[PDB]
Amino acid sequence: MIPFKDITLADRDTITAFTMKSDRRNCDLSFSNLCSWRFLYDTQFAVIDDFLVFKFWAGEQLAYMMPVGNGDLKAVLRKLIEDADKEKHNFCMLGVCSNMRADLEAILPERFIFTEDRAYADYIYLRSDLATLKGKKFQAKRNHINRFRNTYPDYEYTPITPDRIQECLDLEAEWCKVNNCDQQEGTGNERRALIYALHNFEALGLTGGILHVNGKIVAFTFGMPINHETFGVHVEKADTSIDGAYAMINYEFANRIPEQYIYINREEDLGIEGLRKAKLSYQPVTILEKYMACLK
């Protein structure tokens, strides 16, 4: 029996030892994302034949993350299929990128059914693009930040520190309530994941920023590295009454992301029309498809 263990804060070194050196850019491999969503998926992990593997329960559905590492993929797949068999479920893997799909097909030709939903693709950008907003592609973004600067000349950006967390939580609840975000699917779950992240901010290895206008917090954002060259921005929330607050905090935080992080992953659009429009407006270099791969 694979000795799957519940993921915890204390597993940060073990997990990032695999992910940081990997070529995997999927935001679901962020240590903060894995821990913060454990309440929903009863998330577990194991290291099997030099691969890091995650196991998730989503109601009736059992799924495993595409194994992270190098080594004998066939051997690890045999063990995961046996694990699914023990659970009396068909074997399904999530987070399979295009390269991973090719690797699976090579081991078990015709055995996997691959399904993809563009709602779940990640948007990846150049840090240099988001931090500088240089070039014609970013002209409107420059206009937004210049307009913000003109409207709110006394704004203040500060990094998130443990001392600033509870206010971020209180404010997030207030903003949601204004937009009646109760009545939007999934916001309760998103709130649980936000709370865990902010409560355990330092242990997780998150960094983040807060925007203030006229002496009050009006936006906050946080994230952490996904791999050696990709930083994930996991959350970005703002007081919707403040025009340009999203654009401004994006820009300020991008400039605090260490320069080794070539890429910034700002996650998925969830098939929401307005969100897809917003994420495409920042000119992603890659839209990172994620397949589910289920044994036939």
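Sequential numbering from 1, following the sequence displayed.
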218 to 226 set against 77 to 85, stretch whose average Cα temperature factor tops the other in the entry: 77 to 85
When the Cα temperature factors in the entry are averaged, is it 138 to 146 or 198 to 206 that ends up higher? 138 to 146
Specify which of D182, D122, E190, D129 carries the largest Cα B factor in the deposited PDB entry. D182
Looking at the C-alpha B-factor values in the deposited entry, which of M93, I107, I160, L211 comes out highest? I107
For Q260, the third of its chain by CA B-factor is the middle
Assert third(CA B-factor, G69) within chain per record equals highest
Quick check for you: using the entry's CA B-factors within this chain, is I15 in the lowest, middle or highest third? lowest
Where the record places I272 (Cα B-factor, split into thirds across the chain): highest
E252 - which third its CA temperature factor falls in, relative to the rest of the chain: lowest
